[PDB]
Amino acid sequence: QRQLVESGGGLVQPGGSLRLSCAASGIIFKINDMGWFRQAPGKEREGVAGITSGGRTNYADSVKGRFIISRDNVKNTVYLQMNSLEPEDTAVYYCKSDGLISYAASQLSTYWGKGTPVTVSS
Amino acid sequence: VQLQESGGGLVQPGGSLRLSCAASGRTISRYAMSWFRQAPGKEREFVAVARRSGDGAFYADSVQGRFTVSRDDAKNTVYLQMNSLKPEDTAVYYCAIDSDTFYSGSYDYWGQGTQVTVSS
Amino acid sequence: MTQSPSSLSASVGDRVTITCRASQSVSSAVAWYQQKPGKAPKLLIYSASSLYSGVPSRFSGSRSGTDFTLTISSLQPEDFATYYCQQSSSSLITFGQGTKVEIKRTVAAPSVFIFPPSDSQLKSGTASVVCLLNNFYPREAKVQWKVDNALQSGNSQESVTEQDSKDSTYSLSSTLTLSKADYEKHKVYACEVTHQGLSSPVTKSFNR
Amino acid sequence: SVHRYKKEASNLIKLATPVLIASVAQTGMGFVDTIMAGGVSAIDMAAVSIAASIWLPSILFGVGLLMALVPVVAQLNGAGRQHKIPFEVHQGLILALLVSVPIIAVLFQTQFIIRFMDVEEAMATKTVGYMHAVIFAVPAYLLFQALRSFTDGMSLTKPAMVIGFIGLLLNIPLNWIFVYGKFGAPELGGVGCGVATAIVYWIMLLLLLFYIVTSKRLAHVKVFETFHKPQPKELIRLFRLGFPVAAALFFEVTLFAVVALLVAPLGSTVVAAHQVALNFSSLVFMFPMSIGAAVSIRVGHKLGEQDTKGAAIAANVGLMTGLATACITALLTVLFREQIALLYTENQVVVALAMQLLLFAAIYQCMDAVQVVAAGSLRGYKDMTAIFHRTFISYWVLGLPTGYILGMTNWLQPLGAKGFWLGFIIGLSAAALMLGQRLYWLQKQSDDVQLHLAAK
Amino acid sequence: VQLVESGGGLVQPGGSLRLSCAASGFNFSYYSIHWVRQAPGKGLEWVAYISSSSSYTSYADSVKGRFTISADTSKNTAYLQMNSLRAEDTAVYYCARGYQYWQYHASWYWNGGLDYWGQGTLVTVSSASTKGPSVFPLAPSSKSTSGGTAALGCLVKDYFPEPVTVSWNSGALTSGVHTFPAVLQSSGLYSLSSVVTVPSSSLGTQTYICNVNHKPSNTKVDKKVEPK
Ligand SMILES: COc1cccc2c1C(=O)c1c(O)c3c(c(O)c1C2=O)C[C@@](O)(C(=O)CO)C[C@@H]3O[C@H]1C[C@H](N)[C@H](O)[C@H](C)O1
């Protein structure tokens, strides 16, 4: 809503490439780890990719070799590059960020995003 | 507002024919058009109907398949292609125009008719 | 919105197409729903091109120009229901007028029967006269009432039955209600029916 | 007038600055573990944060228990005995060895504790790994604490500073080697911080043993030459002198844990500001706890010389220095209350709530120096048990109820966490009144029972 | 995943009613609940939607100010309270599930839709007490296409509210029997008809019995329909 703002989406022909971005404010973002979750109608919310504070990529099972997550720390953004998109990828993508609220807290806090629609078809 | 039939006459069994209707004074774009037949010394029965564009055409049980109807709003003319003609079809064919928008059935104007006779 | 083909007389194994015209320059993709005659509606198409998981591959969506079309490549005897298109306007969801498919069949002329009010109804004080039409297929028909050649209006009410599963035909009936005084004042009651399968309107009349 | 007050103040600024440096090194040792595991994941940062939250209260028990050993060796060295110090030091080492066992068992029960706080399985396994790594560090830490108690008692606070600092600067490379799997060491990951803390604690213990052996300054005591055999009579004696000053250090931490529990229903943007303010107040408390330890050493030494008036003067100059530094650090909190709240977090709502709570934290810091310095002052007088009575009945009986009454209830418009902080003020005050009136009675009692109790 | 509705029944005009929709099998905080009303013989219409909280909530213009929708997340329920009803609100209400931020995501290339629905509860507003039917004959005459086929009927009038069921010869006749849907008269009562195209050879010289059942009055009305 306010912490995380997603950007990107639109009508992508099959086999096309898209680059979603997620801008974070109010988050330290140097110690918070990020992820992307799709949710198509009829199905349930599921993970697509996730990156930790050290840049470790944890792509899903049927996402390998097609999606690449990147992250910037000078400007707080998390990029998700989608390649060879197929009509099964149409969904609303949510940017999720979990990590400590401050340097004095113990339990991590989680913030979701509004989500950006992505429709793939002719 | 006049209807004139054309095409028909005498034809051999198993032949092919095409009837046409000419309409003057009105536009058939907004209305539907149907064809009926009447045998000599008999009654007038339904043959076929063609509705507005995108609504399809409906045919009677007796003459299903062998008959087809098409419209032409540019020429204000309805055409009827008849194949596998039989002597029983010998009758005067009359065109009619359903002017009701909801197709409730008007047939407010008919044509003079055209005699189609089949005999070897 | 504007589902123009509100009735489709489609056969079995044929390709069909219906269109929803968004009657406003509002950006919202149309979602297509299907409702069977009596139960809850099901979702067929979302985003005007996608395919909901579970529906057959026959259903397809498209957006030609500013309208949204739905197509069915082959029409199995299962896809005989009504279809709606949903759009969004700022914060209000709008459905369509509705589109119902119909089994194509040869046109049949209805048979008309007339039933005068029975003597048992006279004691109550109100008399109902009914005329029914049976075994016709278009769904359209006109029924009119004439008492002593006077055309009544606002006093009759008509009902029509759903299509049958043996010959896919129809039937309807119209009832006219009159008090005893008005019934006794008049002489002749007639019900006339006009139809596309009829060369001329047919009237059934009776004198009390 | 000054007279001896300036002389005692200068001798107290020294012998207490090294203690401050040692304490900042000790806190930085855990800070580095947290801020260096955050470069691997957030799971590994939360794990080494929860494990630290469970590790501090457990080890504080033994750390407090050895603060009875501190003024014992202070008193002997002051009088001129300096020949029964080795026996007491050896017995204290054995006492640390013994007290390590219950703490090790309690930390071994970590997996059960992290079920009653809704910790996911990954964080739980990482926390358990960290705890099972630092269990090996526990005995070395307690032995180093006893050894530094010996050196501190002889008014030598310099070595523990250096060995402290060398520890911190050696945690940076050793963490890196184990967390990232360099130089042939395994890629432990976030768990590697614990296995580096264990190594650094053993290294610090070895270095402090080396300094005591050679020294050339402590060579006169000859601590590690006789190897006195254990004696249960003395071992019990030195446990009854240290248990009261460990119960208080346990109960303070438990009080703040309970307050964290009670303020949780007030929301999630209020608890964050609460813990930001509390964490800053913890370091500002590191400031006057160093003064109190030095005052305990000085009053222990002066009672050894049988100088009652000198002991009183040392206590009073400590209670004045604590108040002065408390005022200085309270004004800097009131001025830079926004920059400090922006170092911790970036949520502006949290920085506003914590900018409001860091205004009560200033009065809190002013009272939690008259409390701590006074507690340390009479601890040199061997008045351990008194502390445990007056501190407890002022903390738990006052602060927690008046915090709930002035906070989540209205039996007095309910105030938010600014009511719990007001209860904290209400408790710390009158803690600094009971502990301040016990000292006044002690400083004016018969001039003989003071020395006799000073030997108790 | 499943949705179940409740409430309905009979209400006097100007009264009030409450409908509850209970959802089981998902996280109620990730979706929004919509209410869709279908009048008898009409099309689907949208009534009101609520997200997880009261921050997001919308109503149609036709029912703005009358209805009010709320949600209880503890038991996963959505309540639609209707008050000051009118005679045109008698309908069937369906509970549907959609995306939470459907307005934010709405665009020219995206429309999530409504995935799962409910059975739907019937709520009718009426101003008449429950009454049994008044069966009446609709027999043919000597001029009802006699000699070929003939039609004979059974009329039902002035019943409320349960569907009056009909049968012929206690279920022994089903060839060519039509039962038209109920028609709501101007008086508030319902009318219905049944017809059979039985052969016209003295109607087979067999007695024809029209049996009528109305559950609230538990009346097995029996009418021997005979040629006048
Ligand atoms: C002389 O006693 C000590 C000697 C050596 C180390 C220690 C202490 C000590 O007392 C101590 C603490 O009292 C506290 C803590 C602590 O680490 C120590 C030592 O390490 C941690 C604490 O701040 C937290 O809950 C946050 O982690 C709670 C508590 O501080 C409470 C009470 C304090 N009086 C102070 O007011 C602080 C702001 O909150």
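As recorded in the PDB header, cryo-EM is the method behind this entry, and the stated resolution is 3.10 Å.

S.K.: I'm lost on the pairing of strand β5 (residues 44-50) of chain E in this one. Help?
M.R.: Within a regular beta strand, the side chains point alternately toward one face of the sheet and then the other, so they alternate between its two faces. All names here are of chain E. Taken across its seven residues, β5 has six buried, putting it largely inside the fold. Where strand β4 (residues 31-38) lies against β5, six bridges are found, and the strand directions are antiparallel. By the bridge assignment, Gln38 is partnered in β5 with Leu44. Counted along the chain from β4 to the antiparallel partner β5, the turn is five residues long, and its residue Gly41 has a positive phi close to 75 degrees. Looking at chain direction, β5 and strand β6 (residues 57-59) are connected through three bridges and run antiparallel. Of the residues in β6, the one forming a bridge with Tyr49 is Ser58. Between β5 and β6, which pair antiparallel and follow one another directly, the connecting turn spans six residues.

S.K.: Is there a simple way to think about the site of the ligand in this case?
M.R.: Residues and elements named next belong to chain D. Inspection of the region around the ligand gives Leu56, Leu60, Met67, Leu249, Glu252, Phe256, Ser281, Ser282, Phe285, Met289, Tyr364 and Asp368 as its neighbouring residues. One nitrogen or oxygen atom from the side chain of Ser282 is found 3.4 Å from an oxygen atom belonging to the ligand. At 2.6 Å, a side-chain N or O of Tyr364 approaches an oxygen atom of the ligand. Bound to the protein, the ligand loses 77% of the 700 Å² it would expose on its own. Going through the elements one at a time, α3 (43-65), α12 (244-263), α13 (269-304) and α16 (348-380) are the ones with two or more residues in the shell around the ligand. Tallying contributions element by element places α13 first for the shell around the ligand, with four residues. For the shell around the ligand, a count of residues per class yields eight nonpolar, two polar and two charged.

S.K.: Explain α13(D) here, please?
M.R.: All names here are of chain D. For α13, which comprises 36 residues, the first-to-last C-alpha distance of 53 Å matches the rise-based estimate of 52 Å (1.5 Å per residue) to within 8%. Where α13 bends most, the angle comes to about 25 degrees, and this point is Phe287, followed within four residues by the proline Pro288. Backbone geometry just downstream of α13 places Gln306 in the positive-phi region, at approximately 60 degrees.

S.K.: Can you walk me through the pattern of salt bridges in this structure?
M.R.: Note on pairing: side chains with opposite charge can pair once their charged atoms come close. What the rule picks out here adds up to 25 salt bridges over all chains. In this structure, the salt-bridge partner of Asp89(B) is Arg37(B), at a minimum N-O distance of 2.7 Å. You can see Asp89(B) sitting in the loop between β8 (77-83) and β9 (91-98) and its partner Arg37(B) sitting in strand β4 (residues 32-38), a full 52 residues away along the chain. Note on accessibility: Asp89(B) and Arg37(B) belong to one class, buried. Its salt-bridge partner being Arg148(D), residue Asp152(D) comes within 3.4 Å of it at the nearest N-O pair. Here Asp152(D) and its partner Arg148(D) are both found in helix α8 (residues 137-153), four residues apart, which amounts to about one turn of the helix. The class of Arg148(D) is buried, set by a relative accessible area of 16%. Several salt bridges converge on common partners, so that one network encompasses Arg37(B), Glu45(B), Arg66(B) and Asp89(B).

S.K.: Help me out: how do you make sense of the domain arrangement of chain C in this one?
M.R.: Interface extent is often summarised as the accessible area lost during association of the parts. Residue and element names in this part refer to chain C. We note that the domain assignment places domain 1 (2-105) and domain 2 (106-208) within chain C. A C-alpha centroid distance of 36 Å is found between domain 1 and domain 2. Across the boundary between the two partners, domain 1 contributes six residues, which contact nine residues of domain 2. The junction of domain 1 with domain 2 conceals about 710 Å² of combined surface from both sides, 41% of it contributed by carbon and sulfur atoms. Of all residues in domain 1, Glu102, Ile103 and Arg105 give up the largest surface area on contact with domain 2, accounting jointly for 83% of the area buried on that side. Along the contact surface separating domain 1 from domain 2 lie one salt bridge. Summed over the shared surface of domain 1 and domain 2, the result is three residue pairs in polar contact.

S.K.: Even after reading the chapter, I still don't get the interface of chain C and chain A, so can you show me in this structure?
M.R.: At the junction of the two partners, chain C supplies five residues and chain A supplies five residues. Both sides together, the interface formed by chain C and chain A hides about 500 Å², and carbon and sulfur atoms give 57% of it. Three residues, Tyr46(C), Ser49(C) and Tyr52(C), lead the burial of chain C against chain A; their summed loss comes to 58% of the area buried on that side. The tally of links from chain C across to chain A stands at zero salt bridges. Summed over the shared surface of chain C and chain A, the result is one residue pair in polar contact.

Rules used throughout
- The residue numbering used throughout counts from 1 along each chain in the order its sequence is written. It may not match the entry numbering, and residues with no coordinates are not shown.
- Chain letters and ligand numbers both follow the written order, the letters beginning at A and the numbers at 1.
- With hydrogens and water set aside, each side-chain value is computed from the structure's full complement of heavy atoms.
- Residues with missing side-chain atoms are left out of burial classes, side-chain pairs and their counts.
- Each residue is assigned to one of three classes by its accessible area relative to the maximum for its type, calculated with a 1.4 Å probe on protein chains only: buried under 20%, partly exposed between the two thresholds, exposed over 50%.
- Where helices and strands are cited, they refer to DSSP runs of H or I of at least four residues and of E of at least two residues respectively, numbered from the N terminus.
- At least two DSSP bridges between two strands are required for those strands to pair.
- Throughout, near means a residue has at least one heavy atom within 4 Å of the molecule or strand.
- Identification of polar contacts relies on pairs of N or O atoms within 3.5 Å, with a donor-acceptor requirement for protein atoms, meaning one able to donate a hydrogen and the other able to accept it, and with residues adjacent in sequence counted only if both atoms are side-chain atoms.
- In short, Shrake-Rupley with a 1.4 Å probe defines the accessible areas, and a residue's cover is counted only from the protein chains shown.
- As a working rule, the residues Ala, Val, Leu, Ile, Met, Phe, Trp, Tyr, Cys and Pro are called nonpolar, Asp, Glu, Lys and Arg charged, and the rest polar, with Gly in that last group.
- By definition here, a helix of n residues has an expected span of 1.5 Å times n minus one.
- Here the bend at a residue means the angle between the axes of two seven-residue stretches, the one that ends at it and the one that starts at it.
- For this document, the term salt bridge refers to a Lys or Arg side-chain nitrogen within 4 Å of an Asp or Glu carboxyl oxygen.
- Those domain boundaries reflect an automatic or database domain assignment.
- Note on contacts: a residue pair qualifies if any of its non-hydrogen atoms lie within 4.5 Å across the two residues.
- Each of two parts loses accessible area, computed with a 1.4 Å probe, when they are put together; buried area is these two losses added.

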